[PDB]
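One letter stands for each residue in the lines below.
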Amino acid sequence: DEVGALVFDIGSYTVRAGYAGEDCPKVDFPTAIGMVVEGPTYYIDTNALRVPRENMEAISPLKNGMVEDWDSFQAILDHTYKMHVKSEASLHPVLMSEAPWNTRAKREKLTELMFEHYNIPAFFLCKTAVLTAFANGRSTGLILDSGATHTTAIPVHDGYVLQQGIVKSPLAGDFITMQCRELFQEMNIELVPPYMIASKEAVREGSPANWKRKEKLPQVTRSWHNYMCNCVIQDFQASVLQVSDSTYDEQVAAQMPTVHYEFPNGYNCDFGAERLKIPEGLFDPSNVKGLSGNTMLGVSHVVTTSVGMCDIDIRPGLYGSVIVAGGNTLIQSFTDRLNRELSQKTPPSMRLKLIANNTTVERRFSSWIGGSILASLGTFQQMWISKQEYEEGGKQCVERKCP
Amino acid sequence: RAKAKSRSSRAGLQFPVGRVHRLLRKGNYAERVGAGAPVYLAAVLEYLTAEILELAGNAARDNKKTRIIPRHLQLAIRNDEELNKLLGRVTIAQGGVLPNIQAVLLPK
Amino acid sequence: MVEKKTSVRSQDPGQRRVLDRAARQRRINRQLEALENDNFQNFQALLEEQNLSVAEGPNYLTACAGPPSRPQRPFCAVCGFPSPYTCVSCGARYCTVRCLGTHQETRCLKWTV
Amino acid sequence: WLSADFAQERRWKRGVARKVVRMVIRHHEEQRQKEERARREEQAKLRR
Amino acid sequence: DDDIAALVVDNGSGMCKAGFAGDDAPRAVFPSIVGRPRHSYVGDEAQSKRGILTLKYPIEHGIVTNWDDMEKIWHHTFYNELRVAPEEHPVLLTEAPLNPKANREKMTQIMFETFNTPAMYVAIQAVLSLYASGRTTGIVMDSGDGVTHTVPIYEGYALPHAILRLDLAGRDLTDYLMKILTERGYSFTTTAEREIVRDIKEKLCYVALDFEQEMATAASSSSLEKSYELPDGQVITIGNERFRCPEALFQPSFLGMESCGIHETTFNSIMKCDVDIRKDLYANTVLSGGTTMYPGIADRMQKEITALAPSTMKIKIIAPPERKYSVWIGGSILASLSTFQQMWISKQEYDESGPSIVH
Amino acid sequence: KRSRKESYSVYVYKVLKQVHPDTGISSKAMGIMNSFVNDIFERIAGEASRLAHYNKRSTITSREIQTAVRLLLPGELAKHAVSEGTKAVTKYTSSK
Amino acid sequence: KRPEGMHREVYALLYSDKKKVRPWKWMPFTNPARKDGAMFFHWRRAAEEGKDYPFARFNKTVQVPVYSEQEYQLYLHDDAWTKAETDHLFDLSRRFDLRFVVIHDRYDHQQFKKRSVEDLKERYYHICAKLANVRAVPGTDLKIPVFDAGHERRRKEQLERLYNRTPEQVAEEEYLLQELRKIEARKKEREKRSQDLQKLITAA
Ligand SMILES: Nc1ncnc2c1ncn2[C@@H]1O[C@H](COP(=O)(O)OP(=O)(O)OP(=O)(O)O)[C@@H](O)[C@H]1O
Ligand SMILES: Nc1ncnc2c1ncn2[C@@H]1O[C@H](COP(=O)(O)OP(=O)(O)OP(=O)(O)O)[C@@H](O)[C@H]1O
């Protein structure tokens, strides 16, 4: 069953790659890679990517979870093939993740690109929701994924995605990044990305940083600077933020404990109620200054809407198998709050159950883990799109084969 | 840490050595139990359980029944020469007795 | 890892209590009827109309030959070859140490219930 | 079946790694009980 | 008695480090090279016949030509030790920074089918070194001639989602020093000289934190340009390549490669880890491999990281003094362990399940 | 708010299902099977207790347990029990 | 002198009471269950290199009838469905193993008019029924209770009102629920109890 084959999970924020049957991916690296139009030259390993550079683009090839910059996408896959896997693509079958809403043209273009450029022996293009379901040991369930760009609820029933049940919201890691930008600005925080500091000294809580700036810095462009600052912001999201266990209450949030934090330059302070107010916008976007509008659905409402758009006969299965994924779901009390609100708003006629995965690898790379398990079954070795399927049927085979 | 192995498993028993030793640790049967007493006690306990379950099931089959009733226990523990001795002063609820009719009280 | 059978400890023959004499007959009888048995691995109607047919005149029951003059031959029952030996417990016959081993593990005492 | 097998394998190997860490910690503190054992043998030599 | 009889191997593209295990230094050492005719020697013989042999490294910065070169290296390894193999051969062996599934099947197939080892085990070199470091966790940098790892191992496991790597520890720095020279007539013109360019490091790498010292000394330098004995008997003094070369371990752009150095590589590595557990990666920061034997780079791994990390956590560098060999020691500590035998792979389960066994 | 009460039913069905694959056991018969186990446990532990106390000992041991099994079980019953336990203690101290 | 030499507990208990040459190999293998002849690679022992794949038995294709053009034209014709409208349903049937909760979602609503699950199910079933009807005479079990769509359209519906009931009907209904007992007790504990008391007072 398990053959030398490569599993790719290409997320909007990071890409995971590895072999079939591993517990964890062989490598994970930022999808928002660096570029200079020299043809162009690319940087992906975080050691060359965080160098302040004479020119920069920070190109980010994917739009709304789908490939748009095929050149940078090809460069990413090239670098992955010969920097971390270090194997000839013609030897190993390729299993690759895609967004459930990806269009047919993209599927066909990826198929022909894979077979012509990488000369691979076989191919299988699979949607993140089904992979996440396989990773969590179920054939049926509601897959909730709160990623960087969008938070999406996708029903999987008997191994297949229900397009009519997909619900998507822009409330996601990038929206949290914007909220962090706004909060830092309102706190007048001097956010400095790590590359700029030569040395620093300790300072008191709330006092400005005492640091020296490097003298050899070139005139870096705005996009790469934004990327680096957003990396610091997402570290802050890991470090400080926490969802309110229930509906945000200013009085309660004032009673809640602070969390101490420091920015790379040395500026440091305690964060209080604000660190709970930011994630509340994920669950109730009405109290989000600057983003007024009732069209936005929060995480719990994304879930309930997604299940409600399905047949009532399969809603019991979907609510009884809520599978939760995506990096944002690592925020403290995120799953507890989600479980509470869904317990409140799920109809009494049906059982509610959330699958109990909690690890960073689990929550984020469920799609890659799904590829790992899926590529390790005999019943799956007959589902491959072989190079012969492509040579005979052409680029369209991916539409006739696996959904 | 290491995958935890039980004490019934390492020895190779079905009766709970943990639970057996446990009744002993807080049973005041002694003052400082060692590291073989519960194993031996559980092994022999369950050995006698098997010894009897055997005779009980065999008599049950003699009655063309697939479920051991307390009768399949009275009949057994009185049918075996040493189980009867061991359980001589033990009454088995809803078991009955064995049809031992005295020879002199028969038709002549 | 472990020898992985002390948990089930099936036979544990400290109390073996051999089956013998009439029990052997039962086994023999069982085997006979099994060789006389049918698809499943009306017979009651056959026995009923046969017990209607009981009489001393020439009929089904009185048409049985009987015991043979030529005495019974031994055969192994594991491979069917001529068998110098008998199993001390159940009385079934065999021809090697290996055959006794297989018989003790699968057919001796196990199917007498 | 294979998802339960994957979960069991991951759990088992994490536990194995942790108890190898614990086992090596025990081995290192035994590699200090070595020095203590030498000192105690010297005290026993005084007593002899 | 497979811990008592344990064997340990590590190819060491700069110098192999192998032997009958249980003591704190390798018994078998050789330059890990394969020589062939131009138009099969591996032990301090190819290094002399370099002028009449085509020499190939069996190492590819974490990949190997697993059939011919590796089997010859193992075969030679036994001759560089007690030759106990036909009596006892329980082994743990050379392994990649990141190549478990692709390596181990072929690797253990060769070792069980050719070398018929009754017991096998394999693990990442950094996880081996951790057991010389004597603690649960660390950033173990696991350097050498072929790789510049920053693997942040936690609780005995090499989390691959945070494992990063760099390419400046051996050949690269040696060539960088070679082309830093030829500027001053030191005449490191050919491979025979390259092989002692990697030994100039025995003396010249600086005694302390040096990114400002290299500026301060250059203007008025005296009594610091330590000499080195050339094979020609020359004792030429050493210029600002007292600092040029090792500087590139922390400014790769100074060598001409577009990356930030080991401090930043390790900082990024631990930054990809969990936010709570990285508290221990700060509390356990560790160095290994011959390239870490320089004095000043320890002060770099203190200050260059302190400048980046927050003030609350501190930088507990516990680099062992013999960090050239902490892999060897740690692996030995793992192999020569009284109650470890339950974790060997052996010939019955290999036969019942194949080289695709869980290892 | 539960009031859970322990019993030996789970291991008497493992042993029974293993030593009679086709035969079940009624709930009322499993009650007897439980009481029997508790009774013999009491007997053997009490005799080992007395054994240890007679030799001025604060610890009931498996050696005392074996001698109590020799005292309790009749001749054969004893022999089998002693052999079973004795072999279970050498399979447990050999780290299997 | 005491022989011992073994474990303390076991010793006291006992005395006190007196070459593999089977090379695995990386191997090509073809799956006979596939029609494309695709060669995959596998980790097999040396002693089985060349045997057929053991996962090709797990290929039981779900059965779905295949009407022909003539057959469809004669009997399967339906004023509300066109051939282009009907072949698609069976293709989705096969590619999704005759399951109709996942056939629906992928229905081509661009060239095709919107259909519920029940209509698609009934359509495919009438098609199967008439396909077997073309046979019929060859003992083709003309007793098929093809999925009821009418009652079932309802049965789907009259669950939906009970699905989304924020309170009252989910909450307040408890009251009427209790009333089911009251209405089933106090009326007979009323009109019947009265009649019994009238007779009791009549005799009294
Ligand atoms: N430890 C953490 N704690 C809290 N939030 C986190 C953590 N790590 C990442 N995040 C948030 O998760 C976002 C990234 O999520 P993730 O890695 O699951 O996305 P992705 O795989 O790229 O998504 P998609 O597959 O939907 O395109 C980051 O932008 C950050 O907002
Ligand atoms: N005595 C020494 N003093 C200082 N630095 C040294 C010394 N010996 C070697 N080095 C440095 O370390 C490198 C070799 O280190 P080491 O022997 O640990 O690596 P290796 O095992 O050969 O490599 P790899 O693990 O990549 O196969 C040499 O290239 C040089 O950079």
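Cut-offs and rules
- Residues numbered from 1 in each chain as written, not as in the entry; some residues may be left out.
- Chains lettered and ligands numbered in written order.
- Part of a larger assembly, values for the part shown.
- Heavy atoms only, no water.
- UniProt positions renumbered as here; feature names shortened; annotations may be inferred.
- Contact = heavy atoms within 4.5 Å.
- Buried area = accessible area lost by both parts, 1.4 Å probe.
- Salt bridge = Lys/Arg side-chain N within 4 Å of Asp/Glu carboxyl O.
- Polar contact = N/O pair within 3.5 Å; in protein donor to acceptor, adjacent residues only side chain to side chain.
- Helix = DSSP H or I, 4+ residues; strand = E, 2+ residues; numbered from the N terminus.
- Nonpolar A, V, L, I, M, F, W, Y, C, P; charged D, E, K, R; others polar.
- Pairing = 2+ DSSP bridges.
- Buried < 20%, exposed > 50% of the residue type's maximum accessible area, 1.4 Å probe, protein only.
- Near = heavy atom within 4 Å.
- Areas by Shrake-Rupley, 256 points an atom, 1.4 Å probe, with all protein chains shown as cover.
- Core = buried A, V, L, I, M, F, W, Y, C linked by side-chain atoms within 4.5 Å.

- As documented in the archive entry, the model was determined using cryo-EM at 3.2 Å resolution.

- The PDB entry annotates chain D as Helicase SRCAP originating from Homo sapiens.

- For chain C, the name recorded in the PDB entry is Zinc finger HIT domain-containing protein 1, with Homo sapiens as its organism.
- Under the UniProt heading Subcellular location, the note attached to chain C is "Nucleus".
- What UniProt states about chain C under its Sequence similarities heading is, verbatim, "Belongs to the ZNHIT1 family."

### Some remarks on the interface of chain B and chain F
Next up, step 1: Counting residues at the interface gives 51 residues for chain B, matched by 53 residues for chain F.
Next up, step 2: Carbon and sulfur atoms make up 70% of the surface buried where chain B meets chain F, a total of about 4,800 Å² over both sides.
Next up, step 3: Its largest share of buried area at the contact with chain F, chain B owes to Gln14, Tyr29 and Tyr40 of chain B, together 16% of the area lost on that side.
Next up, step 4: For the pair chain B and chain F, the number of links is two salt bridges.
Next up, step 5: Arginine 22 of chain B serves as the salt-bridge partner of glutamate 6 of chain F, at 2.4 Å between the closest nitrogen and oxygen.
Next up, step 6: Across the contact surface, chain B and chain F share 17 residue pairs in polar contact.
Next up, step 7: At the level of elements, helix 1 (7-11), helix 2 (17-25), helix 3 (37-62), strand 1 (67-68) and helix 5 (81-86) of chain B are the ones that each hand at least two residues to the side of chain B that touches chain F.
Next up, step 8: When residues of the side of chain B that touches chain F are assigned to their parent elements, the largest contribution, 19 residues, is made by helix 3 of chain B.
Next up, step 9: Of the residues belonging to the side of chain B that touches chain F, the class tally is 32 nonpolar, seven polar and 12 charged.
Next up, step 10: In this sheet, strand 1 (residues 24-25) of chain F lies alongside strand 1 of chain B in parallel orientation, the contact comprising two bridges.

### A word on the pairing of strand 1 (residues 6-10) of chain A
All names here are of chain A.
Next up, step 1: Of all five residues in strand 1, five are buried; the element is thus mostly enclosed.
Next up, step 2: Going residue by residue along strand 1, you find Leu6, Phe8 and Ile10 tucked away on one face and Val7 and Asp9 tucked away on the opposite face as well.
Next up, step 3: Pairing of strand 1 with strand 2 (residues 14-19), which is carried by five bridges, proceeds in the antiparallel orientation. Bridge pairing in strand 2 places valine 7 opposite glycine 18.
Next up, step 4: Between strand 1 and strand 2, which pair antiparallel in sequence order, lie three residues.

### Here's the deal with the site of ligand 1
Residue and element names in this part refer to chain A.
Next up, step 1: Around ligand 1 there are 17 residues in total, and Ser12, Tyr13, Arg16, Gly327 and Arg364 lie nearest to it.
Next up, step 2: One of the side-chain nitrogen or oxygen atoms of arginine 16 is found 2.8 Å away from an oxygen atom of ligand 1.
Next up, step 3: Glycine 327 has a polar backbone atom sitting 2.5 Å from an oxygen atom of ligand 1.
Next up, step 4: The fraction of the free accessible surface of ligand 1 (660 Å²) that becomes covered by protein chains is 88%.
Next up, step 5: Elements represented by at least two residues in the shell around ligand 1 include exactly strand 2 and helix 5 (222-239).
Next up, step 6: Element by element, the count of residues in the shell around ligand 1 is highest for helix 5, at three residues.
Next up, step 7: For the shell around ligand 1, the residue count by class is five nonpolar, 10 polar and two charged.

### Some thoughts on the nonpolar core
Residue and element names in this part refer to chain A.
Next up, step 1: The biggest cluster of nonpolar side chains holds 86 residues, and the ones touching the most others in it are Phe184, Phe263, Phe271, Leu282 and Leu338.
Next up, step 2: Per-element accounting of this core gives the leading share, eight residues, to helix 5.
Next up, step 3: If we skip the residues at most four places from it in the chain, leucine 282 touches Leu171, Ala172, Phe175, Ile176, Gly298, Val299, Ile331 and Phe334.

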